[PDB]
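K.L.:
Model the following, please.
(7 chains)
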Amino acid sequence: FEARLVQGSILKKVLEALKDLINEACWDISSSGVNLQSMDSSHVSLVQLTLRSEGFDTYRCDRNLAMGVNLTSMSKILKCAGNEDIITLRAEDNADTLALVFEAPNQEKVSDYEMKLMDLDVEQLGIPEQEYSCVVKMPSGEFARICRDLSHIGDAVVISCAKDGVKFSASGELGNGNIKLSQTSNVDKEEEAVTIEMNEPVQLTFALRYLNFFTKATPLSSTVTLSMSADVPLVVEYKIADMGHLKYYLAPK
Amino acid sequence: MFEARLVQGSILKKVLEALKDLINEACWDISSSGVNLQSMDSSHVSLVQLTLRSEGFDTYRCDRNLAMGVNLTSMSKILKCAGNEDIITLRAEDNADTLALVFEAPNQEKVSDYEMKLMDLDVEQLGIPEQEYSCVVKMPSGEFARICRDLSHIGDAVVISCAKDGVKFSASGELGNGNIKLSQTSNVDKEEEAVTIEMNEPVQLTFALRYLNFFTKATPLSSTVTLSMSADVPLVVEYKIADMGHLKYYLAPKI
Amino acid sequence: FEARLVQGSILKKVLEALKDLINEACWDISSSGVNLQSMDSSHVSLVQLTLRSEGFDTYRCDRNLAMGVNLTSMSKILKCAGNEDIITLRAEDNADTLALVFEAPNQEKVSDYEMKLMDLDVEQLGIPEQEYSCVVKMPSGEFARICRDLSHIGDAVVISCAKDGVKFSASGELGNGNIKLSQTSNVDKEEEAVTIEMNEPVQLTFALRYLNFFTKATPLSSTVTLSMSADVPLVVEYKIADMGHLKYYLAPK
Amino acid sequence: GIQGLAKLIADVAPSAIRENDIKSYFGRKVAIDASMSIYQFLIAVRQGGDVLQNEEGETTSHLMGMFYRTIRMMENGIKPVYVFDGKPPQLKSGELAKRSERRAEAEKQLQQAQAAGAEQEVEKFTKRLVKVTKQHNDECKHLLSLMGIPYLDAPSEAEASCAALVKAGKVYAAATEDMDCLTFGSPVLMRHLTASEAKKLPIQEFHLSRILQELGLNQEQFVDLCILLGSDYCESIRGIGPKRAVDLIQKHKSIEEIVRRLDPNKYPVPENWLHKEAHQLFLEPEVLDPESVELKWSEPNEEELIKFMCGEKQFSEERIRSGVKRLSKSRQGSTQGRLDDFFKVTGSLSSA
DNA sequence: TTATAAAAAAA
DNA sequence: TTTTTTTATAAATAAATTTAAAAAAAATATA
DNA sequence: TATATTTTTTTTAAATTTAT
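P.N.:
Residues are numbered from 1 along each chain as shown, chains lettered A, B, ... in the order given. Here you go, the structure:
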């Protein structure tokens, strides 16, 4: 296994997105691409990371390798990689070391980094693609401010879906928070416009600590895809630029 | 019945950022002349005489005199939800148990209609006489924040000395003695870096530093600090907002 | 004693470097410079300092006086000075007060600061001036990246010297790490990159808490002159531009 | 000693109690009932049994306790004055005989507890019986004289002299755990002045003006209510507790109208009443003149105080030297004034 | 000088 | 159906000292 | 440079014996 990646900030933001949720997970690396479908340490939220092999630059993979990494530890290893460094993953068959090589853009620093992995139980949940009636395409900064600023009021948000727009409501000791968002149908910039596709209106209640942990992924993309339907887990999808996606799951409160 | 549409909502955000840690529970005195506040510290040292006049508000109306009781930590925690360019609308109704804060961004589409539960607060209002202060020091606000923070690094008391040539900020502590001196900068023309001192009597008073560090969180409101003071008269730290009102901070001297 | 610095941010960065390494120091004020030799709180890392007299604006020294200064207090008093402040170090022969005079670049504010000086005069250990086998004159922020990003994974770096590149090898319990640099003597970039004067190989295990204390002098100099040999403490020069230099010493483990 | 008045203030008007912290009274002159302090330090200061003494057999727990508490209150800016009780009044003698009977039966259980062999009951009933003497108050005033902190001697009641001290404006507030100082006429009453933390003991600041505003009463109305809750100076009704006293004071204003409307078949009226002289003594006790006494917190003496505290008591002289150094350090510091004496209140403002 | 849980008594 | 004596109970502390523990200002990192 | 964001200092409230 060898996966050279000329923009290491994507994998750095992935590991700053998942070190708060998941402590230990099995990286299901295959020939089609890097897949990570794992459930968090508190056993509430499910994270589906898919990094396609077409998005990688020099991707080769012999067999289906499933190594169990420590997310805080290799996140601390990816602290050593800069914003612009070229991350080259490297692995062997008989070895259990995830060899990480960081290369400078001006080719002056080579940072080799091995790992001491341990095995874990390979639990594949596999939530199927339920047809989501209300899909919402939000910007990253707006969803980050909505979750981070309704989280100060209560531990529960109430997301409401409509044709006119999405309504984020939150109650608690701090009065009543209630946020409208008018559906801008491609009139502004497409990275800023909110487009909603509604079949029936969806009114659900979700937690906000797990949604803060989900919206830590907002440096990865400029668009957040919220998919809602009745009594299903909530998809919080972060579409990485032609390099697969990153989907979160949350059961309603 | 009380609708107070304010376009520059960063002013109210910076007011509650200033007022979140000095006083913890304040009673806003809403009249038809404008939103006012007059609340003391819990240790009875500092007084926050805040006014926000009705001329600077974009749409201000109130049918009667109202006095809601607001947890200011809660109002800072709900006013941190608004951004720096939100139009902030204050809404209160008949028998207001709650206050509705509407944050509408102009270029964006977020109609952030928050509400906040009020408090059963009974505080006292104090009549401030319009005294002629002897030494009035108009001087830059970030310079005052630098002076208060960098003399709170030494000790817990600043002995403010005022004269014709300039104001001297002396702070005696366990590390040493830090004598920050200032010069009268009306001869050199600057747009905001001007220490304008109007002195009548040379005053020499000692003030605390925890309360001055609580005062210097009002520095993003304006660049002007009007240090009005006299001999055995409490210090006035006035933050003159250019839009409406002025945030006046009162501080009892040390003996 | 009256040393006036036009660039008082130099002394600000010196005391921000030495605020946490050493606590109480003996400023051996010479007639032609400002000198300091002290060891740390665990007495394992030696700090040498030399601020030359020609870098100051006005310098007088009527008597060779050795002030005893707690550097945490004078670091807190130098935190009051701005980064553009003209700093005058007035002293007295009989009175034990260091009258630090910080002046603004515009003539509107002068801020006088005495401080209380104790008496701590100990036997300084003079290092012998010896030739060094591996002199690595490499940029400072690169060394800050080495110290922080290898203290993330371990508590020891084992630096290897070679002609083509210098290798910082950390082998902590979280995993292995080999950051290897490249030799460039101001070839590509505008300032001086990693220049190695290697004669004999260097294979020494070092410490990272004390290197993390050492790398807080990185706002002073753009480059770090790492000079070391076999079974000797290394020399970490922070050559201040026309004001003097700052040295650091740490014995191998 | 008022039965359940603190529960009545905590149930009726919680706004009258301002639970503050020990450092918040950093400029207030405070009058302390010293007998509560001496009784607090002669009970709590123990090591599994006997009172902490010297080798001469002299009781000296109260001096070391007041030394620690008083220097910890100069550390928090309190300038105290200790008001000592003198000759007790004639109406005090009934509760004094009741307390003497309580100490006599505690002596009886101490007599049958030494033969039992249980060491916990011995120290427990040693805590149950404490009698202060002239010698304890004499060395207490000697330690206060050597600390440079003034003492006042009440002619009749130290709570009455405390309430006369607060009413004359010489001190800010009275400091006793009793509710007697509210009855004798102190507008502000402080409680629980120990040396503890914020979470452990707050300072129960009882404002009498807030009590009279919330209950709709005045000074002679609160005295009759305080009789009806069972003061030590008289005897209350067997059928009237706290809430019934609130309802009957809000029904009948003076206590004579309560006498004018009772039934002896339902409510047992105590014969041979003492309420008239108790009302005339809570309204008008005999006290010292507070305008004729000047209160000075002078510099503490050092060498006579260390030879008094260690030459005959065998104490840790470094702790006494450090305590006198902290008192002299915190005495000469610049006190912070309030805004209550610079700007005056023009009116309150409630919530709407 | 408190403060309790507990309990018969009583409005 | 709460209230009220009426019981026999319990109790009044503060520093020398760690020590685990929770904030609160320092010093990066980042949009 | 705000704006958070973790690290890490800084209290600080616990829980022990001594305060003879």
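K.L.:
which residues does residue A:3 contact?
P.N.:
Residues counted as contacts of residue A:3 (Cβ atoms under 8 Å, 6 or more residues apart in numbering or on different chains) are A:34, A:56, A:58, A:59, A:60, A:61, A:88, A:89. Using the backbone N, CA and C atoms, a C-beta is placed for each residue, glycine as well.
K.L.:
which among these end up buried?
P.N.:
Neighbour-count burial (16 or more other Cβ atoms under 10 Å in any protein chain shown) is assigned, among the contacts of residue A:3, to A:34, A:56, A:59, A:61, A:88, A:89.
K.L.:
Which of the helices or strands spans the residue in the stretch 251-352 of chain D that chain A sits nearest to?
P.N.:
Per Cβ to the nearest Cβ, residue D:351 is where the stretch 251-352 of chain D lies closest to chain A, at 15.3 Å. Assigned by DSSP states H and E, residue D:351 belongs to no helix or strand.
K.L.:
Not counting residues beside it along the chain, what's closest to it?
P.N.:
What sits nearest to residue D:351 in space, not counting adjacent residues and going by Cβ to Cβ, 6 or more residues apart in numbering or on different chains, is residue B:69, at 3.4 Å.
K.L.:
For the one you found, give its distance to residue B:238.
P.N.:
25 Å (Cβ to Cβ, to the nearest Å).
K.L.:
and if you look at residue D:311?
P.N.:
59 Å.
K.L.:
Can you report how many residues lie near the residue in chain A positioned nearest to DNA strand E?
P.N.:
Of all residues in chain A, residue A:173 sits closest to DNA strand E, at 27.4 Å by Cβ to the nearest atom of the strand. Counted with other Cβ atoms under 10 Å in any protein chain shown, residues neighbouring residue A:173 total 9.
K.L.:
can I assume it sits in a helix?
P.N.:
No - judged by DSSP: H, G, I helix; E, B strand; the rest coil, residue A:173 forms no part of a helix; its state is coil.
K.L.:
That one and chain C: what is the separation?
P.N.:
39 Å (Cβ to the nearest Cβ, to the nearest Å).
K.L.:
I'd say that residue and residue A:154 touch.
P.N.:
Yes - assessed by Cβ atoms under 8 Å, residue A:173 is found in contact with residue A:154 at 7.5 Å.
K.L.:
What is the neighbour count of whichever residue of chain D sits closest to DNA strand E?
P.N.:
For chain D, the residue closest to DNA strand E is residue D:1, as judged by Cβ to the nearest atom of the strand, at 3.0 Å. Using other Cβ under 10 Å, residue D:1 is surrounded by 14 other residues.
K.L.:
who's in contact with it?
P.N.:
With Cβ under 8 Å, 6+ apart, residue D:1 has these contacts: D:95, D:178, D:180, D:231, D:232.
K.L.:
Provide the secondary structure category for the second one.
P.N.:
Under the three-state scheme (three-state DSSP), the conformation of residue D:178 reads as coil.
K.L.:
how near is it to chain B?
P.N.:
For residue D:178 relative to chain B (Cβ to the nearest Cβ), the value is 26 Å.
K.L.:
Equivalent analysis for residue D:58, please.
P.N.:
Distance, residue D:58 to chain B, using Cβ to the nearest Cβ: 40 Å.
K.L.:
ditto for residue D:76
P.N.:
Residue D:76 is 12 Å from chain B, where distance means Cβ to the nearest Cβ.
K.L.:
Return the residues in contact with that residue.
P.N.:
Per Cβ under 8 Å, 6+ apart, neighbours of residue D:76: D:22, D:23, D:25, D:26.
K.L.:
how about a markdown table for the residues you listed, with secondary structure added?
P.N.:
Below are the contacts of residue D:76 laid out as a markdown table (three-state DSSP):
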| residue | secondary structure |
| --- | --- |
| D:22 | helix |
| D:23 | helix |
| D:25 | coil |
| D:26 | coil |
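K.L.:
Grab the nearest non-local neighbour of residue D:201.
P.N.:
residue D:192 (4.7 Å).
K.L.:
Could you verify that the one you found is part of a strand?
P.N.:
No - counting by three-state DSSP, residue D:192 is not part of a strand but coil.
K.L.:
For it, give me the backbone phi and psi.
P.N.:
The phi/psi pair for residue D:192 (degrees, to the nearest 10) reads phi 60, psi 30.
K.L.:
Please tell me how far it sits from chain A.
P.N.:
In terms of Cβ to the nearest Cβ, residue D:192 sits 30 Å off from chain A.
K.L.:
which residue is nearest the middle of the chain?
P.N.:
By default, I'm working from chain A. Centroid check for chain A by Cα atoms, centre = their mean gives residue A:246 as the closest residue, at 3.9 Å.
K.L.:
So which residues make contact with whatever helix or strand that one lives in?
P.N.:
Element membership of residue A:246 [criterion: DSSP H and E] is strand A:245-249. For strand A:245-249, contacts defined as Cβ under 8 Å, 6+ apart pick out A:14, A:17, A:45-50, A:127, A:214, A:217, A:220, A:233-240.
K.L.:
partner residues bridging residue A:224?
P.N.:
Counting by DSSP bridges, residue A:224 is bridged to residue A:138, residue A:238.
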